[PDB]
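Participant: First portion of the complex, with coordinates as positioned in the assembly:
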Amino acid sequence: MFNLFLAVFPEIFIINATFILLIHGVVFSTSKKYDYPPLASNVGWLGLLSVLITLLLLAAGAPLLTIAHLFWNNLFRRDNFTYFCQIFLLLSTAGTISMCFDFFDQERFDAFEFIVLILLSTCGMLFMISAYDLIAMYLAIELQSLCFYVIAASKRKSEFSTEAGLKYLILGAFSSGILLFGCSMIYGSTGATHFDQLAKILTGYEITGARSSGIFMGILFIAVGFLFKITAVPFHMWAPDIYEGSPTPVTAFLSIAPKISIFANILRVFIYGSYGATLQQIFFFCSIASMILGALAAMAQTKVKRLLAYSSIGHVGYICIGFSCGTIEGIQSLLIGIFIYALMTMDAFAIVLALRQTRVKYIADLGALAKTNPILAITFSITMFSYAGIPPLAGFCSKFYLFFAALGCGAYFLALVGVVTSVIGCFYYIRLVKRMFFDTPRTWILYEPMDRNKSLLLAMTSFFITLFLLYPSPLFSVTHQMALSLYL
Amino acid sequence: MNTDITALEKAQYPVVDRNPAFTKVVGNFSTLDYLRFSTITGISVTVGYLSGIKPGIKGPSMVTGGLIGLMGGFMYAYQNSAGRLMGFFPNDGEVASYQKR
Amino acid sequence: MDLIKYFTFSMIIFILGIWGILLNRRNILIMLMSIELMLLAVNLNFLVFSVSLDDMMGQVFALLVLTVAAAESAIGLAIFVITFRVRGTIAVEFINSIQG
Amino acid sequence: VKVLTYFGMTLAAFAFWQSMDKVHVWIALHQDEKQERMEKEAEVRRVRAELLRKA
Amino acid sequence: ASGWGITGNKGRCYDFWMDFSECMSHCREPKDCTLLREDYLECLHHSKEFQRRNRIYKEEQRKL
Amino acid sequence: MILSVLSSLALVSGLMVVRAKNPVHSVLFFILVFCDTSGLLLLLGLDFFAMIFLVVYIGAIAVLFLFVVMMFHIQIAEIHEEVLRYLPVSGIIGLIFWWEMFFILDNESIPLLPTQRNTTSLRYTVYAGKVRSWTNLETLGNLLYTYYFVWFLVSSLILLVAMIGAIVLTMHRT
């Protein structure tokens, strides 16, 4: 009986460690003997340790996660795809947590419960990746969302943080209800919720004249929920406001971790499933709308966080183009784009968190940064040129596949939209380089140097960005491996 | 409760025991298993101590880190031992004590 | 004609939730309550479908959804309370500072 | 609202639901015509494809 | 499809679902399992039974 | 007919939830929608769910809403708005949703027209399943804690998040 739980050793460990950290934090934060010490950094270090130990347990026991698969079948399904997705998610959580210690210390955010909620949302995303049924998928999504709603309002005395929390809660509950309606429609039409049963019932018919309208609308409503989750237009307007209003570590965590978990969910619910190109048209049109709106709105922005939010919207559009084309290379390029965007976003948010010690708010605040910190200005410029897609930087892969799929799938309007949006994006990205290098403002802002954690992470991500294309084979091979694990 | 240990991907090494008991897996711990366990417990205690100095609770923080490390280290060692006994990991040592005994 | 009538009951509850969203631009408490109506309509669909198909999976999910609804209402009202405390009012003109 | 306003609204809604019942009965009565129309249109498409596949 | 009935016995449509699933478990063309699939869906929704009975009702009403 | 009565009561009560000027009144009309839903569930034969909707939705959730909305003392001016201008947009959206969505089961679940013949003698009765009857409570309890226990525990995790969030967001200790 005990050995059946080898399939869930990582989750058992991380949940138990989170419980331990909760008890430790509550017991010693209320202690008069120790003068009620802030424990955000202590619990943060212990939780980074817990995340790393979970990653070791998951990575080392690669075959053991598939043990007792018949017994666990009606709860989840673990395979190669979920294995690598979960490893990536844990690494992203670890990097995000490592970027939080200066924020805890200098801002004096003393709440250790922030770390505990991040850990619980990580457990939720772990369960999302391995979900293989609509019920499990919904429950894990909801655990994740509730943790995010709480942490987005963590600065409970701030107008911005409370506003972001309120908008987040209302719109997220709305979208979750829509998705649950879709699940109910599918269940009523097919009498099934397991992904295998859904795969069998739907395969071979798609829209054959006598089309189950219940299955169609279930797919539609579930897709609307997923598109809300990935910040895709027109279900996107929550994301810029929430990203801006939340505390910057919260924004950093939301811009990376939840995308990996929900794209895993999207690939396992639909690609593994079967319906007409209708859903592919849904993601195609949403990708086009996302690129256009993201580009223009980012061009309009004067603040750094809002610009990064709209940039992320544009890039999810670029990524969803790979889902729409419905090929093995489409899934491979989607995974590659998600990986590269995650690394680039962590680079950018390490820079933003480093500059937030001096309260960077506007793009104009970066004036004369090439003088006051030359190495930092170059690192941010490498990231911005990677964002713009200029070769030989790592960001060029997304542009390359966007145009490759279009000229193959036969699309030319898509190629035109990609060209125009790429040029607009290049403009509003190089505006930041112009501000740091070309302008000569009357008043300068001198920024406090960053801590060791952010500098190490920045150095590693900058080396990856400048040099990934010299030796890119492991990423290509591992993404190809994952793409095939979905079908065979 | 009907149980079934059958894994999706078959073992690539001789199966010494397909469902080893808890006590048997623990008794199968090798010196490498005790090395992994001790390293994880020591690193965790060290991180607890170093992260606990600023709040002033280095002792209790050491205890909490050590508990996390003991749990994770036992889990990792049990994983390795059970996987060796089930043939999922290279287990030439377990096969020696099976052919001989 | 039983099933269609149960389903249209759930349908009117869902539609009323959508309408409550549409009609309450200045009343975000009723926006939250409309969302709760939508969640009740989905919970009923699962129960009705579970009865209709002679399958217990609808009921398990119905209980778990009730748990989700409870948690989401609790946290939503918490966020409402803190927003009210910060501003001293619930009017939507004071929760529109983030824009652009 | 007044109690009588609520009851008048309930009576109106009861009438609306009985009308919905009439609509459902009507939709049920026209299943055969709809399937027949679907079959004729499918035959049209299939004949057109078979004649176009000839060339 | 799960087999758990709402009264503690095997679900009404579970055998049809299984037969559909065994069929699809070795037929490489899904069109080979069409009959069993529509049998399972007919158990779920009784669509063709009710349609035929409504035909009978319609003819009776016409001849009255 | 009884379904028509419950449907009408739920329709009017829900309209009152979304259209009452006083939010406290909106919460009380929400309790009436939940009571009506419980009656519908009793008609379905699911007594445990019918009672649990009273225990949880009215006994716990609606009490939470009532407690919060009463202590807010919301003045009508901050939330009032004339809704006549929303008749066209609501008309369009509601009509689209109505036609597409109130008849979504009609093609899949074609109703059986009630003939002028006793089709209630064609009821076949199987006594094998009636020897020992399970309640809806026992049927649910047979499954929750063994074959689908992971979802049960994840729901517990959701509740724990709710407790922690409630404390961290609102607590001001004295």
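Facilitator: Received it, and whenever you're ready, just let me know what you need. Numbering: from 1, shown residues only, chains lettered A, B, ... in the order given.
Participant: Which residues of chain E lie near chain D?
Facilitator: E:51, E:54-55, E:58 (C-beta under 8 Å from any C-beta of the partner chain). From N, CA and C alone the C-beta is placed, and that goes for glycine too.
Participant: and whatever residue of chain E ends up closest to chain A, how many neighbours?
Facilitator: Nearest residue of chain E to chain A: residue E:30, at 2.9 Å (C-beta to the nearest C-beta). Taking other C-beta atoms under 10 Å in any protein chain shown as the criterion, the count of residues near residue E:30 is 16.
Participant: Report the spatially closest residue to it, excluding sequence-adjacent ones.
Facilitator: Closest residue to residue E:30 apart from its sequence neighbours, by C-beta to C-beta, 6 or more residues apart in numbering or on different chains: residue A:204 at 2.9 Å.
Participant: nearest residue to the residue of chain A found nearest chain F other than its sequence neighbours?
Facilitator: Across chain A, the shortest distance to chain F (C-beta to the nearest C-beta) belongs to residue A:150, at 3.7 Å. Of all residues not flanking residue A:150 in the chain, residue F:165 sits nearest, at 3.7 Å (C-beta to C-beta, 6+ apart).
Participant: for chain E, what are the nearby residues on chain C?
Facilitator: With C-beta under 8 Å from any C-beta as the criterion, chain C comes near chain E at residues C:50-51, C:53-57, C:59.
Participant: go again using 10 Å as the cut-off
Facilitator: C:3, C:49-60 (C-beta under 10 Å from any C-beta of the partner chain).
Participant: so which of these are also by chain F?
Facilitator: Counting by C-beta under 10 Å from any C-beta, C:3, C:49-52, C:56-60 from those sit close to chain F.
Participant: Could you dump those into CSV and include distance to chain D, neighbour count and secondary structure?
Facilitator: Below are these laid out as CSV (distance: C-beta to the nearest C-beta, whole Å; neighbours: other C-beta atoms under 10 Å in any protein chain shown; DSSP: H, G, I helix; E, B strand; the rest coil):
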residue, distance to chain D, neighbour count, secondary structure
C:3, 11, 18, helix
C:49, 18, 29, helix
C:50, 22, 25, helix
C:51, 19, 20, helix
C:52, 16, 22, helix
C:56, 28, 24, coil
C:57, 27, 27, helix
C:58, 23, 26, helix
C:59, 26, 24, helix
C:60, 30, 22, helix
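Participant: Kindly incorporate the sequence below as chain G:
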Amino acid sequence: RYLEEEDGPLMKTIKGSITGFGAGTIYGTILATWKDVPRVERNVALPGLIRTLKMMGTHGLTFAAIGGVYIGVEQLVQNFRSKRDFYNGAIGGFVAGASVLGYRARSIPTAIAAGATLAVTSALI
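Facilitator: Let me put chain G in with the others:
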């Protein structure tokens, strides 16, 4: 690839105008709902509804004008010349955009820009 229709240039123009009027009504409804009400119209319901219905009527008229003149000029160009290309419809889109949108916007450069955009959107079709 196109062989499913019964056509009819007059019927084409009439149906295009009807479709445009429907689209304009819906678009005007959305526009009216999106905007707020002026401060001196918040305690009174009727003027807001009147303004919404006026917006619906105006935008329905404008979109029906586009949808009618576009199709009519496209057919009249393809009939009198008796050649089928994207060149016909491009001129129709140009004239529809220019005429109606310059009447509404009261400007010649706006009419030219609308005509050019409409011609491009028809050339890509």
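Participant: Can you classify residue G:4 as helix, strand or coil?
Facilitator: Under the three-state scheme (DSSP: H, G, I helix; E, B strand; the rest coil), residue G:4 adopts coil.
Participant: residues touching it, list them.
Facilitator: Contacts for residue G:4 (C-beta atoms under 10 Å, 6 or more residues apart in numbering or on different chains) come out as D:44-45, D:48.
Participant: Quick one: mark the members of these that sit in helices.
Facilitator: Of those, the ones assigned to helices by DSSP state H are D:44-45, D:48.
Participant: longest helix in the chain, by residue count?
Facilitator: Chain wasn't specified; assuming chain A. Ranked by residue count under DSSP H, the longest helix found in chain A is helix A:159-190.
Participant: My question was about chain E, not that one.
Facilitator: helix E:47-62.
Participant: next one: chain D
Facilitator: Longest helix in chain D, counting by DSSP H: helix D:3-29.
Participant: touching chain A at all, that helix?
Facilitator: No. Using C-beta under 10 Å from any C-beta, helix D:3-29 stays clear of chain A, coming no nearer than 12.9 Å.
Participant: Show me what that helix is packed up against.
Facilitator: Using 3 or more C-beta pairs under 10 Å, 6 or more residues apart in numbering or on different chains; DSSP states H and E, the elements in contact with helix D:3-29 are helix C:2-23, helix E:47-62, helix F:2-19.
Participant: out of the ones you listed, which comes closest to chain G?
Facilitator: Checked against C-beta to the nearest C-beta, the stretch from the helices and strands packed on helix D:3-29 lying closest is helix C:2-23, at 8.3 Å.
Participant: Which residues of chain F lie near chain D?
Facilitator: Neighbours of chain D within chain F, by C-beta under 10 Å from any C-beta: F:1, F:3-13, F:15-16, F:19-20, F:25, F:29, F:32, F:98, F:102-103, F:105-107, F:110-114.
Participant: what about burial for those residues, which qualify?
Facilitator: By neighbour count, with 16 or more other C-beta atoms under 10 Å in any protein chain shown, those hold F:3-4, F:6-13, F:15-16, F:19-20, F:29, F:32, F:102-103, F:105-107, F:110-113 as buried.
Participant: burial count for residue 27?
Facilitator: You didn't say which chain, so I picked chain A. 13.
Participant: switch to chain E, that's the one I care about
Facilitator: 12.
Participant: throw chain H on there as well:
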Amino acid sequence: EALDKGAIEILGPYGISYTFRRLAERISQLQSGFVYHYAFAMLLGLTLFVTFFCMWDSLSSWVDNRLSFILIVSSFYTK
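Facilitator: Once chain H is put in with the chains from before, the structure reads:
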């Protein structure tokens, strides 16, 4: 003056910059800051999805794919 600093500029970087600045302005005001507008956008997106991907069977008798995209682009020139 007529070509280089004239038409080529207006039908070029001068004109292109102006129109894209105005478009970015217009799109930015869409993010109005009102939670009602965002929920309304989600509802309208769901309605558009339903209408286009299911309610496009018998609409083709009255509509043309040409006129559909004609009206969308023509919308940008309003007021």
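Participant: Same as before for the neighbour count of residue A:27, with chain H this time.
Facilitator: Counted with other C-beta under 10 Å, the neighbours of residue A:27 add up to 13.
Participant: after the helix or strand hosting it, next one along is what?
Facilitator: Assessed by DSSP states H and E, residue A:27 sits inside helix A:9-29. The element immediately downstream of helix A:9-29 (helix or strand, assigned by DSSP H and E) is helix A:40-60.
Participant: Residues of chain F that sit close to chain G?
Facilitator: F:77, F:80-93.
Participant: Also near chain H: which of these, exactly?
Facilitator: Restricting the residues of chain F next to chain G to those within reach of chain H (C-beta under 10 Å from any C-beta) leaves F:89, F:92-93.
Participant: between these, which is nearest residue A:79?
Facilitator: residue F:93 (42.0 Å; C-beta to C-beta).
Participant: show me what contacts that closest one?
Facilitator: By C-beta under 10 Å, 6+ apart, the contact list for residue F:93 reads C:15, C:18-19, C:22, F:86, G:29, G:33, H:40, H:43-44, H:46-47.
Participant: Closest to residue A:128 out of those?
Facilitator: residue H:46 (22.8 Å).
Participant: ok, the closest one to residue A:181 distance?
Facilitator: Per C-beta to C-beta, to the nearest Å, residue H:46 is found 10 Å from residue A:181.
Participant: just residue A:95 next, same as before
Facilitator: Residue A:95 is 36 Å from residue A:181, by C-beta to C-beta.
Participant: next one: residue D:11
Facilitator: Per C-beta to C-beta, residue D:11 is found 30 Å from residue A:181.
Participant: Which one of those two is surrounded by more residues?
Facilitator: Using other C-beta under 10 Å as the criterion, residue D:11 and residue A:181 rank with residue A:181 on top: 25 against 12.
Participant: thought the more buried one was touching residue C:40?
Facilitator: No. Between residue A:181 and residue C:40 there is no contact under C-beta atoms under 10 Å: 11.5 Å.
Participant: shared neighbours, the two?
Facilitator: C:10, C:14.
Participant: so residue B:64 touches residue A:112, yeah?
Facilitator: No. Counting by C-beta under 10 Å, residue B:64 stays clear of residue A:112, with 11.7 Å between them.
Participant: joint contacts of these two?
Facilitator: Counting by C-beta under 10 Å, 6+ apart, the residues touching both residue B:64 and residue A:112 are A:21, A:24-25, A:28, A:42-43, A:46.
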